[PDB]
């Protein structure tokens, strides 16, 4: 996250931190995700497409820091890794960039709700906030485009939803952006998601409830003028989600 604020998991209790194990025992952070039911985390396919072996991954819930054990955190293995079969990556855009991870602790249990572990609601079909609405994004991604390391502390920021009409302008993304994607940015281009934030939640207070409106997918750079963050539009994938869940 470029700009924004440091935060803690209590403020973002649906946030899932996804890591990959390597042969020698080292673990590296991969992507974010969101807990949508006790057994299911939703993320982005592009995070996993090159290494689709579910045994390689670890999922933490209730975790505020990248490389430390926060009190009340829960560690999970991935029981099923489901990537979208129509995922594709073009010049700029990632299409159908959505994935599901069925999580299970070593004892075979799903998430236990607590102050630091809560599910986030899904939207209803084709039901998104109006353009101009403020939404929050959360992640352990880069704080600057030139960083090669991720911050140890979880961050959040607040961005505004951008119309499809604006986002498909030539100096924005043109025809690369589709109706199954959502654009969001800072009006002054000072805060944005970045590399390492992929898979994590774009959350909007919708109709009296915190709702998973988007999934961090792609963008041209980070916090660049006229280059919004692009998010998988969750409200256009409900048949897919419920079919696998």
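Rigid core: the largest C-alpha set superposing within 1.5 Å between the two forms. Residue numbers count along the first chain shown, from 1.
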Exercise for the section: On a core superposition, give the stretch, 35-43 or 200-208, with the larger average C-alpha separation from this form in 4 other deposited structures of this protein (RMS over structures and residues). Expected result: 200-208
Completion exercise
Comparing 86-94 to 72-80 by root mean square Cα deviation from the shown form in 4 other deposited structures of this protein, core aligned, the larger deviation is found at 86-94
Practice task
State which stretch shows the higher mean Cα B factor in the entry: 76-84 or 124-132.
Solution key: 124-132
Fill in the blank from the handout: Ranked by mean Cα B-factor in the entry, 67-75 and 138-146, top stretch is 67-75
Exercise for the section: Name the residue from 51, 40, 60, 57 with the greatest C-alpha temperature factor listed in the entry. Expected result: 51
Completion exercise
Max C-alpha B-factor within the set 157, 96, 175, 119 falls on 175
Fill in the blank from the handout: Among the modelled residues of its chain, the C-alpha B-factor of residue 102 falls in the third labelled lowest
Problem - Chain-wide C-alpha B factor ranking for residue 217, given as lowest, middle or highest third - result: lowest
Exercise for the section: Ordered by C-alpha B-factor within the chain, which third holds residue 204? Give me lowest, middle or highest, please. Expected result: middle
Problem - residue 180 CA temperature factor, ranked by third within the chain - result: middle
Exercise for the section: Sorting the chain's modelled residues by C-alpha B-factor, tell me whether residue 198 ends up in the lowest, middle or highest third. Expected result: lowest
